[PDB]
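Everything below concerns the one structure shown next.
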Amino acid sequence: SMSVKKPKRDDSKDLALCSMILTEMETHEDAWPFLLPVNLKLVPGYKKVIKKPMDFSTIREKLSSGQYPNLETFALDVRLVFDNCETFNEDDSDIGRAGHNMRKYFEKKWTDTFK
């Protein structure tokens, strides 16, 4: 509350460390469904169903231009990529499996770097 604060966690490396995670996600062999925005002209149903599209290149641009206020808003966009994937793709498909694999890969790096 006013004039009463928990000890200050050092967040000075968060930007660099999120960049590193994102580089690791970009270079994973199962990243291909997520590297670029889904083409809303060429994929029937996507635009109406997926209210907030997200992909790795859009997170990279947001990260590089100071559009994440803190490391949690960064994690929320990464998770959105996988939540969108699950919304639109059957679990038993190449893309559905890719999304589960990448979400696991992310959540481990996230815990190991920050928890």
For segment 66-82, state whether one or more residues are charged (D, E, K, R) and assigned to a loop (DSSP other than H, G, I, E, B).
-> no
Collect the residues in segment 33-55 that are over 14 Å from the mean Cα position of the chain (by Cα) and loosely packed, with under 14 Cβ neighbours inside 10 Å, keeping them in residue-number order.
-> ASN39, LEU40, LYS41, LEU42, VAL43, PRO44, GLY45, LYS47, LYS48, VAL49, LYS51
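Restricting attention to segment 57-83, which residues are among the basic types (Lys, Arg) and under 19 Å from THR111 (Cβ atoms)?
Let us first name the residues in segment 57-83 that are among the basic types (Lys, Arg), namely 60, 62, 79.
Correct list: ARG79 only.
Farther than 14 Å from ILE21 by Cα, of a type in the set (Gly, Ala, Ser) and in a helix (DSSP H, G or I): does that describe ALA98?
Numbers: farther than 14 Å from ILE21 by Cα: yes; of a type in the set (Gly, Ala, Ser): yes; in a helix (DSSP H, G or I): yes.
Considered against the rule, which asks whether it is farther than 14 Å from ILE21 by Cα, of a type in the set (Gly, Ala, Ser) and in a helix (DSSP H, G or I), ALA98 comes out as yes.
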Is there any pair with a first residue in segment 68-85 that is more than 19 Å from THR23 (Cβ to Cβ) and a second that is among the small types (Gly, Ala, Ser) and in a helix (DSSP H, G or I) whose Cβ atoms are under 9 Å apart and which are 6 or more apart or on different chains, and what are they?
-> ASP83/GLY99; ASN84/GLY99; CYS85/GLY96; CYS85/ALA98; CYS85/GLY99
Quick check, is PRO37 farther than 16 Å from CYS85 by Cβ and either in contact with a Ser or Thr (Cβ under 7 Å, 6 or more places away or on another chain) or not in a helix (DSSP H, G or I) (or both)?
-> no
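Looking at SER1, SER12, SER19, can you tell me which residue is among the hydroxyl-bearing types (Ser, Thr, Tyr), more than 21 Å from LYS115 (Cα to Cα) and either exposed (fewer than 13 other Cβ atoms within 10 Å of the Cβ) or under 13 Å from the mean Cα position of the chain (by Cα) (or both)? Spell out how you get there, then give the answer.
Values: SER12 fails: more than 21 Å from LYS115 (Cα to Cα); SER19 fails: more than 21 Å from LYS115 (Cα to Cα).
Just one listed residue meets the conditions, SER1.
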Looking at segment 56-88, which of the residues that are under 15 Å from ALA31 (Cβ atoms) and among the polar types (S, T, N, Q) is surrounded by the most Cβ atoms within 10 Å (Cβ to Cβ)?
-> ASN84
Confirm whether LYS47 is more than 22 Å from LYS115 (Cα to Cα), without any contact (Cβ under 8 Å) to a residue 40 or more places away in the chain and either of a type in the set (A, V, I, L, M) or not in a loop (DSSP other than H, G, I, E, B) (or both).
-> yes
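Read-outs: derived from the displayed coordinates by stated rules, not from any lab. Neighbour counts are summed over all protein chains in view; Cβ atoms, including those assigned to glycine, are modelled from backbone coordinates with ideal geometry.
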